[PDB]
Each structure stands twice: as C-alpha cells, then as structure tokens.
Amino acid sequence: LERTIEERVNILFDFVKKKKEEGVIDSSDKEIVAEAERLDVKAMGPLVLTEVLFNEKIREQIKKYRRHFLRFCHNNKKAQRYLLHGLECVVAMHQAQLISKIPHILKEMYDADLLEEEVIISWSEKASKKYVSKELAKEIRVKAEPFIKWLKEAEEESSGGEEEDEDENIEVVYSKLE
C-alpha cells in the first residue's frame, strides 16, 4: 500500500531532523524541498521546518532560514497556511515568551515574503485546525489583531475565503502531535 499522509509527513520530519543533527541543515534547503516533493507532502514543508528549526528564538531563526521557507511558501498559499499552523505550535511550546510577540512575528514573516496578506487574514478568521488548544488558538488570533488591522490599513472590514486542502488536515495533526 501507498503510505498515508501521516506516514509521509512523519518521514519528512525524520529527514529534516536528521539534516539538522548532522550539521548540514543550513545548506540543505533544496534537499528538503526535493524530499517533500518525493513524499508528496510539499505543502507541509513549512510545518516540519518550524518544528525542527524554531523555538523561543524564532525571530532570529526567521531571518536565518528565510530561504528554506521561501522555497516552500512562494506562490503556495497552502504551504503558507502550514507555516501559520507551525507558528501556532511554536507559540504553544513557548507561550510565556511568544504570545505577546505574535503581531511582530507575523510582520517579520510577511516582510520576508513568507506569508501573503490574504492568507493571514483568512487564517485569522477561521477556527482552529486542531494543532493547538481552541483556547490558545483564540488567544493567538486576538494577539494578531493589531497586525491584521495594520494590513487592512486604517479601517476594519472582514474578508472571507475558502481553503483548498486536499490531504487531510487531521492526518497532519496526528503527525505533528507525534
């Protein structure tokens, strides 16, 4: 049998973790993209990168690893949504440190071309996709509000978008929770 979405994401986690451990991750961005493509989990690339690369120093790490993320996120709104779920997960691990920083981290990701305006707005309006507690998901989105307002400029109208997510989200949740 073909491997499941969960299994394939799991293999990508292992691959990326091993690149980091071996000391070559900084020069392995293309190798990681290729492995994600081989495994047909390209859009999940950013979620794996966040888990492996980001901690409480996420703001420095966004600069350092911009190229790794950009290769996935560029012209790929699905990959961008997975980056946002990745961010949810990093905040969950480092809440005291990171919760207050959400709008500034979002701005840094936006400025690095890793997230498009419409993806961020959409994500802000939608329920938790189950990566983190509903309560934390809510709090993250409240903290996002000042940046969302900055994005829209000086006025607040709401967007409304539909997502395109072929693979199941819940499978990726299981892989992440592992």
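Heads up: residue numbers just count along the shown sequence, starting at 1.
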Going by the average Cα B-factor in the PDB entry, point out whether 119 to 127 or 105 to 113 comes out higher. 119 to 127
Once average C-alpha B-factors are taken from the entry for 154 to 162 and 21 to 29, the winner is 154 to 162
Assert third(CA B-factor, residue 6) within chain per record equals middle
How does the C-alpha B factor of residue 96 compare with the rest of the chain: lowest, middle or highest third? highest
So, residue 51's CA B-factor, relative to its chain, sits in which third? The highest
Relative C-alpha B-factor of residue 62, binned into the chain's lowest, middle or highest third: highest
So where's residue 40 on the chain's Cα temperature factor ranking, which third? lowest
